[PDB]
């Protein structure tokens, strides 16, 4: 007798999915929505390459630590790679004010142009040729100082005079700049370097005012210094002018950065991974992803277009039917 039957597809598939009603269900066709593969390296993005701070910290780089000469000058970057146990940062002991807001502001950028903001010329009646210390050595001179700052002291002869400096930002770009205030360990060194008198460091901009006086005290020795420097930063906006004025204890700005900010969003990666000559559209702290998948369980930190991060190990959607072969 003639037979006709109704039925459905099967194959040698063993790929399983889960449902609310049943776990481990074999189906004929499925699709994985989640990526968990990664090249373990850093690649360029928008073909712009990252900035490897190597054996420097952001602090070291942007203050101009002598041992960070490698990084000196102009820099372009798609993102920033800080290695976890980089040793060259703040050589001469002291606190960098608003460090976290600085590390974040720098992140929001993509290029800097180094430029002499205040020539040593600027400061009248003072010795800009000393201002050097073994807490801050180079690789060739075990007594140096930051490349973007000047430690101004009194001349052999005279009195530490009132000193003034001004800079009108006539350019199109905001300027990131730095200064400091020296806090000697005792009165003896205060007098040697800057002289008698109540000393001050004052700064001014259309939008901000800074003022501080030296805080003299011996503090625990760090790199053989029981003195300190309080470091500061700011952003001189386009059109604004900066006025400096002090009668002592000023670590003056010397070089500064013309800062162009990205309206992407940048990133600062603390990692051990190598930087290699490759492109990428998605780069995570733990590696680049190459995929069209919409989910990923690698890492929640990235730049570029990455898939949504989740804690699933698999997200497999069933497309075919139950497999019964």
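Numbering follows the first chain given and starts at 1.
K.L.:
Comparing average C-alpha B factors as deposited, tell me which of 235-243 and 151-159 sits higher.
P.N.:
Taking the mean B-factor of the alpha carbons in each, 151-159 is higher.
K.L.:
If you average the CA temperature factors as listed in the entry, which stretch comes out higher, 27-35 or 262-270?
P.N.:
That would be 262-270.
K.L.:
Looking at the C-alpha B-factor of residue 11, is it in the lowest, middle or highest third of its chain?
P.N.:
Its C-alpha B-factor belongs to the middle third of this chain's values.
K.L.:
Looking at the C-alpha B-factor of residue 47, is it in the lowest, middle or highest third of its chain?
P.N.:
Within its chain, residue 47 is a highest-third residue by C-alpha B-factor, going by the deposited values.
K.L.:
When the deposited Cα B-factors of this chain's modelled residues are ordered and cut into thirds, is residue 294 in the lowest, the middle or the highest one?
P.N.:
Tercile = lowest for this residue's CA B-factor.
K.L.:
State the tercile, meaning the lowest, middle or highest third, of residue 177 with respect to the CA B-factors recorded for its chain.
P.N.:
Lowest third - that is where residue 177 ends up once the chain's C-alpha B-factors are sorted.
K.L.:
Could you tell me which third, lowest, middle or highest, the C-alpha B-factor of residue 100 occupies within its chain?
P.N.:
It belongs to the lowest third of the chain when residues are ordered by C-alpha B-factor.
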